[PDB]
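A.B. asks: Supplied in structure tokens, the structure appears directly below.
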Amino acid sequence: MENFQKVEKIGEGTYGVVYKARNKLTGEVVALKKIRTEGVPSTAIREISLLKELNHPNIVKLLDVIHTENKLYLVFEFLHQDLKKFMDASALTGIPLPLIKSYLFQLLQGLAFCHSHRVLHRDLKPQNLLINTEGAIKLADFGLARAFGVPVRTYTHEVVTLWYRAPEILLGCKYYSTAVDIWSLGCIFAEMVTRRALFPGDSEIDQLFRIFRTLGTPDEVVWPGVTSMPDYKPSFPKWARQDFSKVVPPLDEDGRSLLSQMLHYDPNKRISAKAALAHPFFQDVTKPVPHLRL
Ligand SMILES: NC(=O)c1ccccc1NCc1cccnc1
């Protein structure tokens, strides 16, 4: 692979290291990801290849899939910053509401597109939401989870974050639905608003109990079928639900109403991306430009 000159290490992903690189022939600047192997599953090659056709303005474009020497490389369009860094850089003053709303609106458009094509992300987090100088925000790594799997540690034994995982996944449900992505985005929306993670669990049970402490321990009334989930235990403590006004102050009622629908326990009652786009919170949406210092 001498068709690319590594410019720097953009980081270490869940599957492999990611590099910023320039195509020696085209001059194009791209993001190159080396994927974890002994023969490379043929099942994963066809799945990944299908994603090359999943193109939308709010989805990071997958340019090419290169298979070789027990090694798989994914070539993606390059963006200069991620939302995790932007939030840290905006920690003192906070991201202005108009920009938070623009970003949430664009992310829901991207989810609506992928979900209409039967593609789920499964591991949304600030680190895989990328931004540019024009005020655009895009989702990175859609569909890779299903193509492969989701280990506990990265290739460098790094600890995978559980902060954005939906309760049905934590309770052992075997079949994920588009609803898991809406839950993760709701958690990110709350974090942009308050400037602190909503549910920063440091273990699977701590993550689950942090959710229960805030939204109340779920029961058959609010979540039909919950007591029959694979990892549900009758011994779970029973915490009362807290008021949203206390969860994401000082967000207005339009915002709290939308957030509450994105965080419904029952995956079937949780709002869809398409329906969320029509919520009154977006009546005055615009597209501001962020101040990025690259
Ligand atoms: N597609 C990409 O461009 C990308 C891929 C993986 C991780 C971060 C990424 N960009 C944002 C970024 C963050 C830090 C430094 N330079 C770029």
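Residues in the structure tokens are numbered from 1 in each chain, the chains being A, B, ... in the order shown, and ligands are numbered from 1 in the order shown.
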Env of region 171-185 of chain A: 7 Å cut, atoms = only C-alpha atoms, seq-sep filter 6 positions within chain, self excluded. Answer as a VMD selection string.
C.D. replies: chain A and resid 115 120 to 122 124 164 to 165 229 to 232 262 to 263 267 270 273
A.B. asks: The selected residues should be written to file as an mmCIF file, in the first residue's frame (atoms: C-alpha atoms).
C.D. replies:
```cif
data_model
loop_
_atom_site.group_PDB
_atom_site.id
_atom_site.type_symbol
_atom_site.label_atom_id
_atom_site.label_comp_id
_atom_site.auth_asym_id
_atom_site.auth_seq_id
_atom_site.Cartn_x
_atom_site.Cartn_y
_atom_site.Cartn_z
ATOM 1 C CA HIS A 115 -33.051 3.528 8.258
ATOM 2 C CA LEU A 120 -28.422 0.632 11.282
ATOM 3 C CA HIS A 121 -25.386 2.205 12.926
ATOM 4 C CA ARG A 122 -25.511 0.558 16.406
ATOM 5 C CA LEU A 124 -23.215 6.234 17.596
ATOM 6 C CA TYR A 164 -24.764 5.787 24.487
ATOM 7 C CA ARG A 165 -26.059 2.175 24.489
ATOM 8 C CA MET A 229 -35.762 -9.891 28.703
ATOM 9 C CA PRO A 230 -32.689 -12.195 28.746
ATOM 10 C CA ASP A 231 -30.703 -10.288 31.378
ATOM 11 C CA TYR A 232 -33.571 -8.786 33.411
ATOM 12 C CA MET A 262 -36.216 9.833 21.909
ATOM 13 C CA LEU A 263 -35.646 8.285 25.354
ATOM 14 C CA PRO A 267 -38.242 0.545 21.513
ATOM 15 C CA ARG A 270 -39.533 5.503 20.823
ATOM 16 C CA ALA A 273 -36.063 9.752 12.822
#
```
A.B. asks: Counting only C-alpha atoms and all ligand atoms, which residues of chain A fall within 10 Å of ligand 1, and what is the closest atom pair for each with its distance in Å at one decimal, ordered by chain and rising number, as a tab-separated table?
C.D. replies:
```
residue	atom	partner	partner_atom_place_in_ligand_line	distance
A:8	CA	ligand 1	16 (N)	8.4
A:9	CA	ligand 1	15 (C)	7.8
A:10	CA	ligand 1	15 (C)	4.8
A:11	CA	ligand 1	7 (C)	6.2
A:12	CA	ligand 1	7 (C)	8.0
A:13	CA	ligand 1	6 (C)	7.3
A:17	CA	ligand 1	6 (C)	8.9
A:18	CA	ligand 1	6 (C)	6.0
A:19	CA	ligand 1	5 (C)	7.8
A:20	CA	ligand 1	3 (O)	7.2
A:21	CA	ligand 1	3 (O)	9.9
A:29	CA	ligand 1	3 (O)	9.4
A:30	CA	ligand 1	3 (O)	6.9
A:31	CA	ligand 1	1 (N)	5.0
A:32	CA	ligand 1	5 (C)	7.7
A:33	CA	ligand 1	6 (C)	7.8
A:60	CA	ligand 1	1 (N)	6.6
A:61	CA	ligand 1	1 (N)	8.4
A:62	CA	ligand 1	1 (N)	9.0
A:75	CA	ligand 1	1 (N)	8.5
A:76	CA	ligand 1	1 (N)	5.5
A:77	CA	ligand 1	1 (N)	5.5
A:78	CA	ligand 1	3 (O)	3.5
A:79	CA	ligand 1	3 (O)	3.9
A:80	CA	ligand 1	17 (C)	4.1
A:81	CA	ligand 1	11 (C)	3.9
A:82	CA	ligand 1	11 (C)	4.7
A:83	CA	ligand 1	11 (C)	8.5
A:84	CA	ligand 1	13 (C)	9.1
A:85	CA	ligand 1	13 (C)	7.7
A:86	CA	ligand 1	13 (C)	9.8
A:127	CA	ligand 1	7 (C)	7.1
A:128	CA	ligand 1	7 (C)	6.6
A:129	CA	ligand 1	11 (C)	8.2
A:130	CA	ligand 1	11 (C)	5.7
A:131	CA	ligand 1	11 (C)	7.4
A:132	CA	ligand 1	11 (C)	9.0
A:138	CA	ligand 1	1 (N)	9.4
A:139	CA	ligand 1	1 (N)	9.4
A:140	CA	ligand 1	1 (N)	6.8
A:141	CA	ligand 1	5 (C)	8.7
A:294	CA	ligand 1	15 (C)	9.0
```
A.B. asks: Any chance you could list, as a VMD selection string, the residues in region 55-275 of chain A that come up helix (DSSP H, G or I) when DSSP is run on the backbone?
C.D. replies: chain A and resid 83 to 89 97 to 116 126 to 128 144 to 147 167 to 170 179 to 194 204 to 215 226 to 228 244 to 247 253 to 262 273 to 275
A.B. asks: Quick one: of A:59, A:35, A:162, A:170, who's nearest to residue 136 (chain A), counting only C-alpha atoms?
C.D. replies: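 Residue with the minimum atom-to-atom distance to residue 136 (chain A): A:59.
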A.B. asks: Within 8 Å of region 148-156 of chain A, counting only C-alpha atoms, which residues show up once you throw out same-chain ones fewer than 4 positions away? Write them as a ChimeraX atom specification, please.
C.D. replies: /A:12-16,36,44,144,160
A.B. asks: Deliver the residues from the most recent selection as a file, using N, CA and C atoms, as a PDB file, in the first residue's frame.
C.D. replies:
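The new file result_33.pdb reads:
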```pdb
ATOM      1  N   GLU A  12      -7.215   5.795  16.852  1.00  0.00           N
ATOM      2  CA  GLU A  12      -7.320   4.346  16.867  1.00  0.00           C
ATOM      3  C   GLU A  12      -8.785   3.969  17.047  1.00  0.00           C
ATOM      4  N   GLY A  13      -9.372   3.389  16.004  1.00  0.00           N
ATOM      5  CA  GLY A  13     -10.767   2.991  16.050  1.00  0.00           C
ATOM      6  C   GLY A  13     -11.010   1.673  16.758  1.00  0.00           C
ATOM      7  N   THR A  14     -12.245   1.189  16.672  1.00  0.00           N
ATOM      8  CA  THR A  14     -12.632  -0.065  17.308  1.00  0.00           C
ATOM      9  C   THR A  14     -12.061  -1.260  16.557  1.00  0.00           C
ATOM     10  N   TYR A  15     -11.841  -1.088  15.257  1.00  0.00           N
ATOM     11  CA  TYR A  15     -11.308  -2.169  14.435  1.00  0.00           C
ATOM     12  C   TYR A  15      -9.820  -2.033  14.126  1.00  0.00           C
ATOM     13  N   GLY A  16      -9.366  -0.806  13.895  1.00  0.00           N
ATOM     14  CA  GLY A  16      -7.962  -0.595  13.591  1.00  0.00           C
ATOM     15  C   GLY A  16      -7.559   0.867  13.620  1.00  0.00           C
ATOM     16  N   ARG A  36      -9.049  -4.979  11.369  1.00  0.00           N
ATOM     17  CA  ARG A  36      -8.450  -6.160  11.993  1.00  0.00           C
ATOM     18  C   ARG A  36      -8.112  -7.247  10.975  1.00  0.00           C
ATOM     19  N   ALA A  44     -18.420 -10.574   5.189  1.00  0.00           N
ATOM     20  CA  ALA A  44     -18.164  -9.175   5.509  1.00  0.00           C
ATOM     21  C   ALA A  44     -17.765  -8.327   4.302  1.00  0.00           C
ATOM     22  N   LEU A 144     -21.059  -0.787   9.815  1.00  0.00           N
ATOM     23  CA  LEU A 144     -19.892  -1.633  10.065  1.00  0.00           C
ATOM     24  C   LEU A 144     -20.156  -2.668  11.160  1.00  0.00           C
ATOM     25  N   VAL A 160     -14.149   0.293  25.251  1.00  0.00           N
ATOM     26  CA  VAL A 160     -15.263   0.812  24.451  1.00  0.00           C
ATOM     27  C   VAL A 160     -16.315   1.484  25.347  1.00  0.00           C
TER      28      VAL A 160
END
```
A.B. asks: Show me, as number ranges by chain, the residues that have an atom within 12 Å of residue 256 (chain A) when counting only C-alpha atoms, minus same-chain residues fewer than 5 positions from it.
C.D. replies: A: 186, 189-190, 193, 243-251, 261-263, 279-281
A.B. asks: For the residues in the current selection, export N, CA and C atoms as a short mmCIF file (atom, residue, chain, number, x, y, z; two decimals), in the first residue's frame.
C.D. replies:
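The resulting file, result_19.cif, is shown below:
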```
data_model
loop_
_atom_site.label_atom_id
_atom_site.label_comp_id
_atom_site.auth_asym_id
_atom_site.auth_seq_id
_atom_site.Cartn_x
_atom_site.Cartn_y
_atom_site.Cartn_z
N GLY A 186 -30.34 10.76 21.23
CA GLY A 186 -30.96 11.50 22.32
C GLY A 186 -29.92 11.77 23.41
N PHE A 189 -27.69 14.60 22.21
CA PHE A 189 -28.45 15.87 22.24
C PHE A 189 -28.38 16.45 23.68
N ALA A 190 -28.65 15.61 24.67
CA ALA A 190 -28.59 16.04 26.07
C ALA A 190 -27.19 16.53 26.45
N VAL A 193 -26.35 20.00 25.15
CA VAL A 193 -27.10 20.99 25.93
C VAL A 193 -26.51 21.29 27.31
N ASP A 243 -37.86 14.25 37.09
CA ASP A 243 -38.49 15.16 36.13
C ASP A 243 -37.47 15.68 35.11
N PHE A 244 -37.86 15.71 33.84
CA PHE A 244 -36.98 16.19 32.77
C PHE A 244 -36.45 17.59 32.99
N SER A 245 -37.23 18.41 33.70
CA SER A 245 -36.80 19.78 33.97
C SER A 245 -35.50 19.75 34.78
N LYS A 246 -35.27 18.65 35.48
CA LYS A 246 -34.07 18.49 36.29
C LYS A 246 -32.95 17.81 35.48
N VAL A 247 -33.32 17.08 34.43
CA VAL A 247 -32.35 16.36 33.60
C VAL A 247 -31.54 17.22 32.61
N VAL A 248 -32.21 18.07 31.84
CA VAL A 248 -31.48 18.90 30.89
C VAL A 248 -31.76 20.39 30.99
N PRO A 249 -31.62 20.96 32.19
CA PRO A 249 -31.88 22.39 32.33
C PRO A 249 -30.77 23.15 31.59
N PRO A 250 -31.09 24.31 31.01
CA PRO A 250 -32.39 24.99 30.97
C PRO A 250 -33.10 24.87 29.61
N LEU A 251 -33.04 23.70 28.99
CA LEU A 251 -33.68 23.48 27.69
C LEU A 251 -35.18 23.78 27.77
N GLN A 261 -39.28 11.83 23.94
CA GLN A 261 -39.74 10.84 22.98
C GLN A 261 -38.59 9.98 22.40
N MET A 262 -37.39 10.55 22.40
CA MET A 262 -36.22 9.83 21.91
C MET A 262 -35.71 8.88 22.99
N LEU A 263 -36.10 9.13 24.25
CA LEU A 263 -35.65 8.28 25.35
C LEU A 263 -36.71 7.36 25.98
N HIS A 279 -41.13 17.35 14.52
CA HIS A 279 -41.42 17.87 15.86
C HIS A 279 -41.34 19.41 15.89
N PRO A 280 -42.23 20.06 16.66
CA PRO A 280 -42.23 21.52 16.77
C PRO A 280 -40.90 22.18 17.15
N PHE A 281 -39.99 21.41 17.75
CA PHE A 281 -38.68 21.94 18.12
C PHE A 281 -37.93 22.49 16.90
#
```
A.B. asks: Identify which of the residues A:112, A:195, A:188, A:204 lies closest to residue 274 (chain A), counting only C-alpha atoms when measuring atom-to-atom distances.
C.D. replies: A:112
A.B. asks: Would you mind telling me which residue in A:38, A:4, A:288, A:264 lies nearest to residue 26 (chain A) when using only C-alpha atoms?
C.D. replies: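 Counting only C-alpha atoms, the residue closest to residue 26 (chain A) is A:4.
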A.B. asks: Which is closest to residue 104 (chain A) among A:226, A:137, A:51, A:278, if we use only C-alpha atoms?
C.D. replies: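 The closest residue to residue 104 (chain A) is A:137.
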